[PDB]
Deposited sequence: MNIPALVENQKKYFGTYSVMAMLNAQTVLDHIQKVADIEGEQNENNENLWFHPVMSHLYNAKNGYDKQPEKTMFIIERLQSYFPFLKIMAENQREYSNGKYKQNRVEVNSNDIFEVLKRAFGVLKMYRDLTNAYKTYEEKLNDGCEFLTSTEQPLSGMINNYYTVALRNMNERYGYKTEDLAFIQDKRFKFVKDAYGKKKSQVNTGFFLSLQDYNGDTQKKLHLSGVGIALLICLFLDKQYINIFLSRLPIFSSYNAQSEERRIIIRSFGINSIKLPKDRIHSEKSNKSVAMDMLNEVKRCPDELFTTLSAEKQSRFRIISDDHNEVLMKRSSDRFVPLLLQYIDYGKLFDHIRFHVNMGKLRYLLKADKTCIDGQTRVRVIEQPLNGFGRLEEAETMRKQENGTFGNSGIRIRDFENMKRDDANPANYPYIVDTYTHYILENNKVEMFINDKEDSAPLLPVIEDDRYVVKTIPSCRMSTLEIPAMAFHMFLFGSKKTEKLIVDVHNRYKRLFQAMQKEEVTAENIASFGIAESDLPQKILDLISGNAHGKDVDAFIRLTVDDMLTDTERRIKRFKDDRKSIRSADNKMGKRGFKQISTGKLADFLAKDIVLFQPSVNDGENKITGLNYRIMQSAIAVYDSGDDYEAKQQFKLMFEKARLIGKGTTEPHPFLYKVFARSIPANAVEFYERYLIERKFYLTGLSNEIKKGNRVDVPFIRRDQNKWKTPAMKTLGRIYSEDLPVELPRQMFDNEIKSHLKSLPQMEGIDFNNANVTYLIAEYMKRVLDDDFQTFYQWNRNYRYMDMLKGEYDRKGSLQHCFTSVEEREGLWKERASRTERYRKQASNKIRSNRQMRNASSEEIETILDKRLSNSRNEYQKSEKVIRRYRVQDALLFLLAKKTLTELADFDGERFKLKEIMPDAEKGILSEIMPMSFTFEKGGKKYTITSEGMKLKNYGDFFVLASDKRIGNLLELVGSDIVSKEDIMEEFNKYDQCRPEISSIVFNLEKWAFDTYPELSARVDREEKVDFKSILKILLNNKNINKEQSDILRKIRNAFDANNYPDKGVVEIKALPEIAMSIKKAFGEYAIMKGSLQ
């Protein structure tokens, strides 16, 4: 057999990249050896596989690791191992349905053997090699089988092209239609992977292109491109052709996979402040909205708009990567633990389902350090031992106990919910991440945060950090936290009085009202009876609203089933610490069951529907905690469908609540399932009991305006701030005064653009020819003045608006109340939307000032860079 001419003519390239291919392979094999604590087919990792089915496996955990990781690092091995199974079934007349270690070993033995051969030939001026002799063992056993394997591999690789790059039949036909002749392999095809290579025995070997393909399985995409570009393997397709790109992509599609910063965060911050906040974008004219839109080269619109407020996560990354806090660490989530409670759980619809329980893996540390701890080399979580399930593992509703517990793979992120930031205060510096311990493979032992801060406090914290330094900032948070702790310890000793409350160093406006009540001698619980009376009335009114709306409308059964499932559980009495009420899976089933319920007045189907509520122990004889009125819904007859069920449910609800109202009116005591007299809400608070809950059970709720006194003392010392009344100056105000007076800066120009609000339309009172209300775009000065005149202007608005209701025929004979109510709600909602929107945009301004300031500080102290000249006003 002759060396292919392509190989002989491009020897320096085949030489170079064959060596690179073999080194890359060894690298993977070496990595796997190290992580698992185990002539490349004699590598320890490959020996292991060779011997793995020599009797009963003594190291199954190692075998399985090797098989899994080999298929990760060598993606082509999934295809080739599958072909090797099918081959062996042929050879030994078997029906093995599953790939095993023998398949994997054989594929890689051959691939490595041929790669080694060509490596040796192409990296030597002259070596007469025995392995090229026609009919020899090497050719018959290794090389010729490999050529057929490679050819079958490529069939599948081209199929993968469709999935991966969206190529169509027409795109790939220049290869797919010409590979095989009529079925033979068309060795005359320009991209043929097999040839006779002047073998007198006339057996198919790897062609030059075939050898290039083998090599490229073991290269990075960068080197695939450098290598193939040197080779005349593209017939007449030119550098810019799609066909050339298809060929190259086909040679990389399943190839080897080889095993944030201060600067990056700074640049993430600057790219945040150039984007439009979403609340602002809504209010802008189409012209100004257009200013945030780009058309790309490929004629695609791309929108520079914030999808969420990333101020706080950006700030947390800034602190973490900067190593700016010695003691404080933020609350991170690192995935979920899933454990199998029961493989066969009978549900309230009488169908059996796997019952899997989840727990979040919450902890405290710097995002990078926590992330390094989360995923061990051996693919377990932290120091737990428990496996992290990978993307390749796809086993839905898996019922096998051996597969549990496992941990969902999720990158460490900060937990940022309910506008809060939770943190843990370490006594010592350079503490390790606080990962949760797992107990009995089932409980995730989490840690109550030290303290919790409003995300609305983060601007002032940032500002304090910028003026004083992160270490002084941190000492203040820690000192505030320790003041609250001293207070709560004194409460537990009953040593807090009106006479000494000031000594604790906490302003009245930052003490819980219950402490203030307790020292003033005015401690009281809420009035449960008042609450019952009010709740019953509110709910009766709502029930009638829903009855009317439904008759009028006659509709999403999904929407109906949401209402019904919530309400059914609301009215279910609790016993035994709430252990009797409907649990998550059964709740999902009940709600879905309702949404799709539609007997054809089929008796069995009706019985089945009723039975569900019997099994949930809501209706039926012998039930101890029944729903108070649901059983009336099924008295006389079962409703035929979800819509009938909703109607009957609401009527029965109305009768129940009317009864309650009537008993309340007689001065009698009533009880509802979901109001519980034994809850602390209803009792008088005690100093000592409340002391302990505040110290031990909850995070410290950090006060607003923690940093104000220190911020204001600093700024008072600056001469540029001389003419500021610090007695009417909040931190939002002072950030902007700092930017203007000390830095000669201002906010981004797009915060001066005119905005639209329905409420301001109503207050402006301007109509078109047809009589519709106009969408104005106002300045802030205009809105200031409309708002001053809102009483008069609201009067005008209502007068006109009411007339326009009675002009329309549907609401023509409408009561004074009906109209007045419709308008009341219209103006309230609009006014509230406008006020909140304007407040939030004013926060976005000063948040952007702070990101800009911090980013600029990072980059100033980096690089061959100077940036004293740069200003937020220039950002667009």
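**Asked** According to the record, which stretches of the deposited sequence lack C-alpha coordinates?
**Response** Gaps vs deposited seq, in order: 39 to 47, 192 to 200, 278 to 284, 580 to 596, 919 to 1094.
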